[PDB]
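*Asks:* Structure below; questions to follow.
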Amino acid sequence: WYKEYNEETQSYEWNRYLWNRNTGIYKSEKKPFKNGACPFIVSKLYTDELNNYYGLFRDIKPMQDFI
Amino acid sequence: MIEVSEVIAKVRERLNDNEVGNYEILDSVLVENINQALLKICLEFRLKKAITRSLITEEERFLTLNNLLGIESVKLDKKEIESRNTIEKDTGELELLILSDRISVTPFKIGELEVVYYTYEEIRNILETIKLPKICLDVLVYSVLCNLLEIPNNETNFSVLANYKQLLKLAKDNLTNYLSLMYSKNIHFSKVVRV
Amino acid sequence: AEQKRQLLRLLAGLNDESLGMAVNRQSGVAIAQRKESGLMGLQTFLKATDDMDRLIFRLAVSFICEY
Amino acid sequence: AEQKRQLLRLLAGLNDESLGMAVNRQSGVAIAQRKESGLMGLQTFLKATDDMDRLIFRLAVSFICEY
Amino acid sequence: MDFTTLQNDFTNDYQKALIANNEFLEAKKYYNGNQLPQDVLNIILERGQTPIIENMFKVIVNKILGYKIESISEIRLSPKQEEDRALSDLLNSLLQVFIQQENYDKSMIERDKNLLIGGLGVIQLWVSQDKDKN
């Protein structure tokens with residue numbers, strides 16, 4: 001799902017490309033939702049440096065390893 | 001530096017054999033015993049460290065050292081060599097092969113060897129000179145003298161040997177004092193453990 | 001092992017164990033009620049879930065008002 | 001280690017642990033209410049947040065009354 | 001106003017604020033588990049030991065920020081005179097579209113995390129107007 005701004009209207013729209021590696025593009029559709037809205041809602045808990053998601057696992061992992 | 005003449009003279013005096021004409025103990029025997037004493041002294045105290053930096057290829061695979069006592073560090077192209085072996089393992093981790101004063105690398109790899117080891121520079125003539133600190137004189141005498149006292153010249157030779165053992169222990173204490181004063185740090189406090 | 005077993009519950013925000021008190025604190029849903037606060041350690045996780053729910057319902061309202 | 005673990009909570013102002021009491025002290029929002037004071041150690045942080053909120057809303061009122 | 005004084009004043013401001021930004025990045029690394037130095041990690045790993053990091057102050061910051069998440073403060077406006085009330089009750093109605101937007105709680109919690117981990121809190125405002133006179 002790619003965010004690209006149009007040239008007819010000056011707003012961003014999301015377009016869908018179903019494709020395979022080393023095969024090419026299977027199906028390409030542009031603005032397939034009548035508003036150009038991305039269907040995904042993402043949230044990252046505990047973003048850190050080097051742009052990773054940290055989670056609750058890493059701070060409680062050495063206690064589990066010591067146990 | 002210690003001359004062999006003075007070691008020999010002290011041993012001759014101590015053995016009640018300071019007679020030029022007679023020489024009940026042949027000088028070959030004394031030089032061999034002095035070689036043995038140098039062996040033991042240089043092994044126990046790690047007196048002589050030597051560094052050899054050669055190259056091993058497929059043509060010549062072994063590095064011939066001389067008067068080897070021990071290896072304390074091996075580098076191959078500035079890479080640490082970890083284990084030591086004498087069996088010529090075919091493959092696996094990279095180990096140092098020791099073949100009784102011949103050094104190679106077990107799963108052989110072309111390169112260079114930088115080896116730190118220990119040496120004798122043993123003597124063969126009475127007119128030679130032992131390149132050791134003068135403080136090492138008494139440990140050479142008292143150690144070679146215990147090697148000769150156990151010829152059965154007298155019925156009380158072993159008690160005399162026992163006395164010379166304590167004298168040798170004191171001489172070794174002096175030598176350790178000297179070595180610490182030379183090749184050790186002048187520190188008066190320890191450092192805190194950092195983990 | 002017992003110390004790290006207690007520290008495992010401590011590090012995940014499960015100290016001040018009042019979850020059973022907090023769920024009985026959410027009985028009053030009358031007209032105008034707040035969160036009726038219990039825990040503090042897990043509040044980052046609850047806030048991230050709240051923000052993702054707000055984004056989800058914004059996208060769902062944008063779909064419902066369009067299709 | 002246990003002493004420094006208690007001193008970590010002490011040095012951050014989390015002594016007098018009455019945060020659960022303090023959030024239930026903020027139920028009365030009727031007409032004219034004060035802070036209804038709990039903690040003292042974290043009050044510098046709360047006061048700095050209050051002053052930055054006052055500056056933020058002064059700038060926001062200056063934008064709203066202009067644009 | 002040209003490139004010369006902009007570059008010189010940026011250099012003077014960046015070099016005099018490097019010792020605090022380094023401590024800010026150290027604090028953000030300590031908050032995200034990276035608490036041991038490189039030589040201590042090497043000393044631990046040379047003995048075949050697994051380095052255990054007790055992130056005992058992440059739960060402290062999480063407790064203070066958990067207090068601040070539900071105690072998010074808004075600012076209401078009150079009239080000074082009696083005639084200003086019709087202004088203020090107007091503006092309190094106009095600040096609600098600034099309050100109940102999605103970015104408000106995110107910016108406030110990021111602000112409090114930056115004020116607690118480090119020392120700085122920076123919040124910017126913008127007056128964007130998209131397409132329909134909004």
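Chain lettering (A, B, ...) mirrors the order of the structure tokens, residue numbering begins at 1 for each chain separately, and ligand numbering begins at 1 in order of display.
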Write out chain D, as a short mmCIF file (atom, residue, chain, number, x, y, z; two decimals) with N, CA, C and O atoms, in the first residue's frame, after superposing it onto chain C by least squares using every C-alpha atom paired in order.

*Replies:*
data_model
loop_
_atom_site.label_atom_id
_atom_site.label_comp_id
_atom_site.auth_asym_id
_atom_site.auth_seq_id
_atom_site.Cartn_x
_atom_site.Cartn_y
_atom_site.Cartn_z
N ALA D 1 16.56 -16.67 42.86
CA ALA D 1 15.45 -17.05 42.00
C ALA D 1 14.14 -16.46 42.50
O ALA D 1 13.34 -15.97 41.69
N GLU D 2 13.93 -16.45 43.81
CA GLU D 2 12.74 -15.80 44.36
C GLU D 2 12.78 -14.28 44.17
O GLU D 2 11.74 -13.67 43.90
N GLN D 3 13.97 -13.68 44.28
CA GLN D 3 14.11 -12.25 44.07
C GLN D 3 13.81 -11.86 42.63
O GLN D 3 13.05 -10.91 42.39
N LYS D 4 14.35 -12.60 41.66
CA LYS D 4 14.04 -12.31 40.27
C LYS D 4 12.61 -12.68 39.91
O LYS D 4 12.02 -12.06 39.01
N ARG D 5 12.01 -13.64 40.62
CA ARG D 5 10.61 -13.96 40.39
C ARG D 5 9.69 -12.83 40.87
O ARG D 5 8.66 -12.57 40.24
N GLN D 6 10.06 -12.15 41.95
CA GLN D 6 9.30 -10.97 42.35
C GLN D 6 9.58 -9.78 41.43
O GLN D 6 8.68 -9.00 41.10
N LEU D 7 10.84 -9.64 40.99
CA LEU D 7 11.20 -8.56 40.08
C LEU D 7 10.58 -8.71 38.70
O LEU D 7 10.47 -7.72 37.98
N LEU D 8 10.19 -9.93 38.31
CA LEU D 8 9.49 -10.11 37.05
C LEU D 8 8.11 -9.47 37.10
O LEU D 8 7.68 -8.82 36.13
N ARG D 9 7.39 -9.64 38.21
CA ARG D 9 6.12 -8.95 38.38
C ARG D 9 6.31 -7.46 38.60
O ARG D 9 5.43 -6.67 38.25
N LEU D 10 7.44 -7.07 39.18
CA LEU D 10 7.69 -5.64 39.40
C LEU D 10 7.99 -4.92 38.09
O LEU D 10 7.49 -3.80 37.87
N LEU D 11 8.78 -5.53 37.21
CA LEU D 11 9.24 -4.85 36.00
C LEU D 11 8.16 -4.70 34.94
O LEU D 11 8.28 -3.83 34.08
N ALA D 12 7.13 -5.54 34.98
CA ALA D 12 6.05 -5.47 34.00
C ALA D 12 4.93 -4.54 34.42
O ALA D 12 3.91 -4.47 33.74
N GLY D 13 5.10 -3.82 35.53
CA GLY D 13 4.06 -2.93 36.00
C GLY D 13 2.97 -3.58 36.80
O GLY D 13 1.98 -2.92 37.12
N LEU D 14 3.11 -4.86 37.14
CA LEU D 14 2.09 -5.55 37.93
C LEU D 14 2.25 -5.35 39.42
O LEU D 14 1.54 -6.01 40.20
N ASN D 15 3.17 -4.49 39.86
CA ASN D 15 3.13 -4.05 41.24
C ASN D 15 1.94 -3.11 41.44
O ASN D 15 1.38 -2.58 40.48
N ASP D 16 1.59 -2.90 42.71
CA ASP D 16 0.28 -2.40 43.14
C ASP D 16 -0.80 -3.26 42.49
O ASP D 16 -1.56 -2.83 41.63
N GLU D 17 -0.80 -4.53 42.91
CA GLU D 17 -1.77 -5.50 42.41
C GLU D 17 -3.14 -5.12 42.96
O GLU D 17 -3.49 -5.46 44.09
N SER D 18 -3.87 -4.35 42.17
CA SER D 18 -5.23 -3.95 42.50
C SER D 18 -6.13 -4.11 41.29
O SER D 18 -7.09 -3.35 41.12
N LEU D 19 -5.81 -5.10 40.43
CA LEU D 19 -6.59 -5.35 39.23
C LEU D 19 -8.01 -5.79 39.56
O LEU D 19 -8.97 -5.35 38.92
N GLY D 20 -8.15 -6.64 40.58
CA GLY D 20 -9.48 -7.00 41.06
C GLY D 20 -10.22 -5.84 41.69
O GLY D 20 -11.44 -5.76 41.60
N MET D 21 -9.49 -4.92 42.33
CA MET D 21 -10.11 -3.69 42.79
C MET D 21 -10.44 -2.76 41.62
O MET D 21 -11.47 -2.06 41.65
N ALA D 22 -9.61 -2.77 40.58
CA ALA D 22 -9.81 -1.85 39.46
C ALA D 22 -11.00 -2.26 38.60
O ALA D 22 -11.70 -1.40 38.06
N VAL D 23 -11.25 -3.57 38.46
CA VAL D 23 -12.38 -3.99 37.63
C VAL D 23 -13.70 -3.76 38.36
O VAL D 23 -14.73 -3.50 37.73
N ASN D 24 -13.70 -3.84 39.70
CA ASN D 24 -14.87 -3.41 40.46
C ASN D 24 -14.98 -1.90 40.56
O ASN D 24 -16.04 -1.39 40.91
N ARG D 25 -13.90 -1.17 40.26
CA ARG D 25 -13.99 0.27 40.13
C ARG D 25 -14.62 0.70 38.80
O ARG D 25 -15.01 1.87 38.67
N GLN D 26 -14.74 -0.21 37.84
CA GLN D 26 -15.39 0.08 36.56
C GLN D 26 -16.80 -0.48 36.50
O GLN D 26 -17.24 -0.96 35.45
N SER D 27 -17.53 -0.43 37.61
CA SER D 27 -18.95 -0.78 37.59
C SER D 27 -19.82 0.43 37.26
O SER D 27 -20.84 0.30 36.59
N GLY D 28 -19.42 1.62 37.73
CA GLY D 28 -20.16 2.83 37.44
C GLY D 28 -19.89 3.35 36.05
O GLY D 28 -18.82 3.90 35.77
N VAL D 29 -20.86 3.17 35.15
CA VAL D 29 -20.74 3.60 33.77
C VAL D 29 -21.90 4.53 33.45
O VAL D 29 -22.39 4.58 32.31
N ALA D 30 -22.34 5.30 34.46
CA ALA D 30 -23.66 5.91 34.49
C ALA D 30 -23.93 6.94 33.38
O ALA D 30 -24.67 6.63 32.45
N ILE D 31 -23.33 8.13 33.44
CA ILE D 31 -23.44 9.04 32.30
C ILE D 31 -22.06 9.60 31.95
O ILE D 31 -21.59 9.45 30.82
N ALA D 32 -21.40 10.23 32.92
CA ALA D 32 -20.17 10.98 32.69
C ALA D 32 -19.14 10.46 33.69
O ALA D 32 -19.04 10.97 34.80
N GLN D 33 -18.39 9.45 33.28
CA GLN D 33 -17.41 8.84 34.17
C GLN D 33 -16.03 8.85 33.52
O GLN D 33 -15.89 8.75 32.30
N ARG D 34 -15.02 8.97 34.36
CA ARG D 34 -13.63 8.95 33.94
C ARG D 34 -13.11 7.52 33.97
O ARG D 34 -13.89 6.56 34.01
N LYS D 35 -11.79 7.37 33.92
CA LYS D 35 -11.18 6.03 33.92
C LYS D 35 -11.34 5.35 35.27
O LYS D 35 -11.35 4.12 35.31
N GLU D 36 -11.53 6.11 36.36
CA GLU D 36 -11.59 5.62 37.74
C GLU D 36 -10.33 4.82 38.07
O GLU D 36 -10.31 3.59 38.14
N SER D 37 -9.25 5.60 38.20
CA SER D 37 -7.88 5.11 38.09
C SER D 37 -7.51 4.09 39.16
O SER D 37 -7.77 4.29 40.35
N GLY D 38 -6.86 3.01 38.73
CA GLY D 38 -6.20 2.07 39.59
C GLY D 38 -4.70 2.11 39.40
O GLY D 38 -4.00 2.94 39.98
N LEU D 39 -4.21 1.18 38.58
CA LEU D 39 -2.79 0.99 38.33
C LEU D 39 -2.14 2.20 37.66
O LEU D 39 -2.81 3.03 37.04
N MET D 40 -0.82 2.28 37.78
CA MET D 40 -0.01 3.27 37.08
C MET D 40 1.02 2.66 36.15
O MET D 40 1.40 3.32 35.17
N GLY D 41 1.48 1.43 36.41
CA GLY D 41 2.57 0.88 35.63
C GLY D 41 2.18 0.43 34.24
O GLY D 41 2.98 0.52 33.31
N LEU D 42 0.95 -0.05 34.08
CA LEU D 42 0.46 -0.52 32.79
C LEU D 42 -0.24 0.57 31.99
O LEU D 42 -0.79 0.27 30.93
N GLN D 43 -0.21 1.82 32.46
CA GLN D 43 -0.99 2.88 31.85
C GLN D 43 -0.46 3.29 30.48
O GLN D 43 -1.23 3.82 29.67
N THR D 44 0.82 3.05 30.20
CA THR D 44 1.36 3.30 28.87
C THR D 44 0.73 2.36 27.84
O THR D 44 0.37 2.78 26.73
N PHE D 45 0.57 1.09 28.22
CA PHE D 45 -0.05 0.10 27.35
C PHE D 45 -1.53 0.42 27.12
O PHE D 45 -2.02 0.33 25.98
N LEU D 46 -2.23 0.82 28.18
CA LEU D 46 -3.64 1.19 28.05
C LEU D 46 -3.80 2.44 27.20
O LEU D 46 -4.75 2.55 26.42
N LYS D 47 -2.86 3.38 27.31
CA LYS D 47 -2.95 4.61 26.53
C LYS D 47 -2.67 4.35 25.05
O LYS D 47 -3.32 4.94 24.18
N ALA D 48 -1.71 3.47 24.75
CA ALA D 48 -1.44 3.10 23.37
C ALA D 48 -2.62 2.37 22.75
O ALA D 48 -2.97 2.61 21.58
N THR D 49 -3.27 1.49 23.53
CA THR D 49 -4.48 0.83 23.07
C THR D 49 -5.62 1.82 22.84
O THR D 49 -6.38 1.68 21.87
N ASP D 50 -5.73 2.84 23.69
CA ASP D 50 -6.75 3.87 23.52
C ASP D 50 -6.52 4.68 22.25
O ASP D 50 -7.47 4.94 21.49
N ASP D 51 -5.27 5.07 21.98
CA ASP D 51 -4.97 5.83 20.77
C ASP D 51 -5.19 5.01 19.51
O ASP D 51 -5.69 5.53 18.50
N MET D 52 -4.85 3.72 19.54
CA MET D 52 -5.12 2.90 18.37
C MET D 52 -6.61 2.66 18.17
O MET D 52 -7.07 2.60 17.03
N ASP D 53 -7.38 2.57 19.27
CA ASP D 53 -8.83 2.47 19.13
C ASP D 53 -9.43 3.75 18.56
O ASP D 53 -10.38 3.69 17.77
N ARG D 54 -8.89 4.91 18.94
CA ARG D 54 -9.37 6.17 18.39
C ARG D 54 -9.09 6.27 16.90
O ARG D 54 -9.96 6.71 16.13
N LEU D 55 -7.91 5.83 16.46
CA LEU D 55 -7.60 5.83 15.03
C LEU D 55 -8.46 4.83 14.26
O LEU D 55 -8.92 5.13 13.15
N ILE D 56 -8.71 3.66 14.86
CA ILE D 56 -9.55 2.63 14.25
C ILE D 56 -10.97 3.15 14.06
O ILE D 56 -11.56 2.99 12.98
N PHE D 57 -11.52 3.82 15.07
CA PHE D 57 -12.89 4.29 14.95
C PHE D 57 -13.00 5.53 14.07
O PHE D 57 -14.05 5.74 13.47
N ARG D 58 -11.93 6.33 13.96
CA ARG D 58 -11.93 7.40 12.97
C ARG D 58 -11.99 6.84 11.55
O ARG D 58 -12.77 7.33 10.72
N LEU D 59 -11.21 5.80 11.28
CA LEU D 59 -11.25 5.17 9.95
C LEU D 59 -12.59 4.48 9.71
O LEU D 59 -13.11 4.50 8.58
N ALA D 60 -13.18 3.88 10.75
CA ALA D 60 -14.45 3.20 10.59
C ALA D 60 -15.59 4.18 10.35
O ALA D 60 -16.50 3.90 9.56
N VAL D 61 -15.56 5.33 11.02
CA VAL D 61 -16.55 6.37 10.77
C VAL D 61 -16.38 6.94 9.37
O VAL D 61 -17.37 7.20 8.66
N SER D 62 -15.13 7.08 8.91
CA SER D 62 -14.89 7.55 7.55
C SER D 62 -15.35 6.55 6.50
O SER D 62 -15.74 6.95 5.40
N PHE D 63 -15.32 5.25 6.81
CA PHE D 63 -15.87 4.26 5.89
C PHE D 63 -17.39 4.24 5.91
O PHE D 63 -18.02 4.09 4.86
N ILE D 64 -17.99 4.35 7.10
CA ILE D 64 -19.44 4.26 7.24
C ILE D 64 -20.11 5.47 6.60
O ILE D 64 -21.11 5.34 5.88
N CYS D 65 -19.54 6.66 6.79
CA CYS D 65 -20.10 7.86 6.17
C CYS D 65 -19.86 7.94 4.67
O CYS D 65 -20.36 8.88 4.04
N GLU D 66 -19.14 6.99 4.08
CA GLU D 66 -18.83 6.99 2.66
C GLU D 66 -19.46 5.86 1.88
O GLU D 66 -19.78 6.05 0.71
N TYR D 67 -19.65 4.69 2.49
CA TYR D 67 -20.13 3.53 1.75
C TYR D 67 -21.54 3.09 2.13
O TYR D 67 -22.15 2.33 1.37
#

*Asks:* Looking only at alpha helix (DSSP H) from DSSP on the backbone, list the matching residues of stretch 30-169 of chain B as a PyMOL selection string.

*Replies:* chain B and resi 30-45+137-148+157-169

*Asks:* Can you tell me which residues surround residue A:9 at a distance of at most 12 Å, considering only C-alpha atoms, apart from same-chain residues fewer than 5 positions away, and format the answer as a PyMOL selection string?

*Replies:* (chain A and resi 4+35-36) or (chain E and resi 131)

*Asks:* Limited to N, CA and C atoms, could you put the picked residues into a file as a PDB file, in the first residue's frame?

*Replies:*
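Result file follows (out_0.pdb):
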ATOM      1  N   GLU A   4       0.704   8.071  -2.406  1.00  0.00           N
ATOM      2  CA  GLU A   4       1.163   8.948  -3.473  1.00  0.00           C
ATOM      3  C   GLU A   4       0.154  10.071  -3.628  1.00  0.00           C
ATOM      4  N   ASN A  35     -11.817   7.168  -0.972  1.00  0.00           N
ATOM      5  CA  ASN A  35     -11.256   8.307  -0.264  1.00  0.00           C
ATOM      6  C   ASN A  35      -9.738   8.330  -0.250  1.00  0.00           C
ATOM      7  N   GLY A  36      -9.076   7.266  -0.693  1.00  0.00           N
ATOM      8  CA  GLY A  36      -7.634   7.190  -0.609  1.00  0.00           C
ATOM      9  C   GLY A  36      -7.173   7.011   0.819  1.00  0.00           C
TER      10      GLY A  36
ATOM     11  N   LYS E 131      -8.345  22.305   2.864  1.00  0.00           N
ATOM     12  CA  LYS E 131      -9.016  22.552   1.589  1.00  0.00           C
ATOM     13  C   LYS E 131     -10.324  23.322   1.682  1.00  0.00           C
TER      14      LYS E 131
END

*Asks:* Once you count only C-alpha atoms, what closest atom pair and distance in Å to one decimal does each residue of chain A within 12 Å of stretch 20-29 of chain E have, with rows by chain and rising residue number, as CSV?

*Replies:*
residue,atom,partner,partner_atom,distance
A:46,CA,E:28,CA,11.3
A:47,CA,E:28,CA,10.7
A:48,CA,E:28,CA,7.8
A:49,CA,E:29,CA,7.4
A:50,CA,E:29,CA,10.5
A:54,CA,E:29,CA,11.9

*Asks:* Do you know which residues are at most 9 Å from residue E:77 counting only C-alpha atoms, after dropping those on the same chain fewer than 5 positions away, and could you put them as a PDB file with N, CA, C and O atoms, in the first residue's frame?

*Replies:*
ATOM      1  N   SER E  88     -15.138  34.293  26.878  1.00  0.00           N
ATOM      2  CA  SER E  88     -14.403  33.148  27.414  1.00  0.00           C
ATOM      3  C   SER E  88     -15.142  31.843  27.164  1.00  0.00           C
ATOM      4  O   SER E  88     -14.543  30.864  26.702  1.00  0.00           O
ATOM      5  N   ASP E  89     -16.458  31.837  27.402  1.00  0.00           N
ATOM      6  CA  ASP E  89     -17.280  30.675  27.083  1.00  0.00           C
ATOM      7  C   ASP E  89     -17.335  30.414  25.583  1.00  0.00           C
ATOM      8  O   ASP E  89     -17.637  29.292  25.163  1.00  0.00           O
ATOM      9  N   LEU E  91     -14.407  30.948  23.739  1.00  0.00           N
ATOM     10  CA  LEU E  91     -13.076  30.419  23.463  1.00  0.00           C
ATOM     11  C   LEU E  91     -12.857  29.047  24.074  1.00  0.00           C
ATOM     12  O   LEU E  91     -12.152  28.225  23.477  1.00  0.00           O
ATOM     13  N   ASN E  92     -13.472  28.772  25.228  1.00  0.00           N
ATOM     14  CA  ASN E  92     -13.451  27.425  25.784  1.00  0.00           C
ATOM     15  C   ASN E  92     -14.183  26.438  24.887  1.00  0.00           C
ATOM     16  O   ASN E  92     -13.866  25.245  24.896  1.00  0.00           O
TER      17      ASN E  92
END

*Asks:* Within 9 Å of residue B:139, counting only C-alpha atoms, which residues show up once you throw out same-chain ones fewer than 2 positions away? Write them as a PyMOL selection string, please.

*Replies:* chain B and resi 37+41+135-137+141-144+167-172+175

*Asks:* Keeping N, CA and C atoms, export the residues of the selection given above as a JSON list (two decimals), in the first residue's frame.

*Replies:*
[["chain", "number", "residue", "atom", "x", "y", "z"],
["B", 37, "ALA", "N", 71.31, -27.66, 35.58],
["B", 37, "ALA", "CA", 70.91, -26.60, 36.50],
["B", 37, "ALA", "C", 70.31, -25.42, 35.76],
["B", 41, "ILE", "N", 66.59, -24.00, 36.42],
["B", 41, "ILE", "CA", 66.44, -22.61, 36.83],
["B", 41, "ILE", "C", 65.62, -21.81, 35.83],
["B", 135, "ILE", "N", 72.92, -12.40, 40.61],
["B", 135, "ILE", "CA", 72.21, -12.93, 41.77],
["B", 135, "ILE", "C", 71.89, -14.40, 41.58],
["B", 136, "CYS", "N", 71.80, -14.85, 40.33],
["B", 136, "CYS", "CA", 71.59, -16.26, 40.01],
["B", 136, "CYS", "C", 72.79, -17.10, 40.27],
["B", 137, "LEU", "N", 73.92, -16.61, 40.78],
["B", 137, "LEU", "CA", 75.07, -17.48, 40.96],
["B", 137, "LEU", "C", 74.81, -18.53, 42.03],
["B", 141, "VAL", "N", 75.08, -22.72, 41.86],
["B", 141, "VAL", "CA", 75.94, -23.57, 42.66],
["B", 141, "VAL", "C", 75.12, -24.54, 43.48],
["B", 142, "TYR", "N", 74.29, -24.02, 44.38],
["B", 142, "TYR", "CA", 73.56, -24.86, 45.31],
["B", 142, "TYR", "C", 72.64, -25.85, 44.60],
["B", 143, "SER", "N", 72.24, -25.57, 43.37],
["B", 143, "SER", "CA", 71.44, -26.55, 42.64],
["B", 143, "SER", "C", 72.29, -27.60, 41.96],
["B", 144, "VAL", "N", 73.43, -27.22, 41.39],
["B", 144, "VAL", "CA", 74.31, -28.23, 40.80],
["B", 144, "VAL", "C", 75.02, -29.02, 41.88],
["B", 167, "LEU", "N", 69.63, -24.14, 51.80],
["B", 167, "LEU", "CA", 70.42, -23.04, 51.26],
["B", 167, "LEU", "C", 69.93, -22.65, 49.87],
["B", 168, "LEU", "N", 69.59, -23.65, 49.06],
["B", 168, "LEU", "CA", 69.06, -23.38, 47.73],
["B", 168, "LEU", "C", 67.72, -22.67, 47.80],
["B", 169, "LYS", "N", 66.88, -23.04, 48.77],
["B", 169, "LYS", "CA", 65.60, -22.37, 48.92],
["B", 169, "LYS", "C", 65.80, -20.90, 49.24],
["B", 170, "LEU", "N", 66.74, -20.59, 50.13],
["B", 170, "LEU", "CA", 67.03, -19.18, 50.41],
["B", 170, "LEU", "C", 67.56, -18.46, 49.18],
["B", 171, "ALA", "N", 68.42, -19.12, 48.40],
["B", 171, "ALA", "CA", 68.92, -18.50, 47.18],
["B", 171, "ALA", "C", 67.79, -18.21, 46.20],
["B", 172, "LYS", "N", 66.85, -19.13, 46.07],
["B", 172, "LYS", "CA", 65.70, -18.89, 45.22],
["B", 172, "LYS", "C", 64.84, -17.75, 45.73],
["B", 175, "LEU", "N", 66.51, -14.71, 44.54],
["B", 175, "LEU", "CA", 66.29, -14.54, 43.11],
["B", 175, "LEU", "C", 64.89, -14.01, 42.82]]
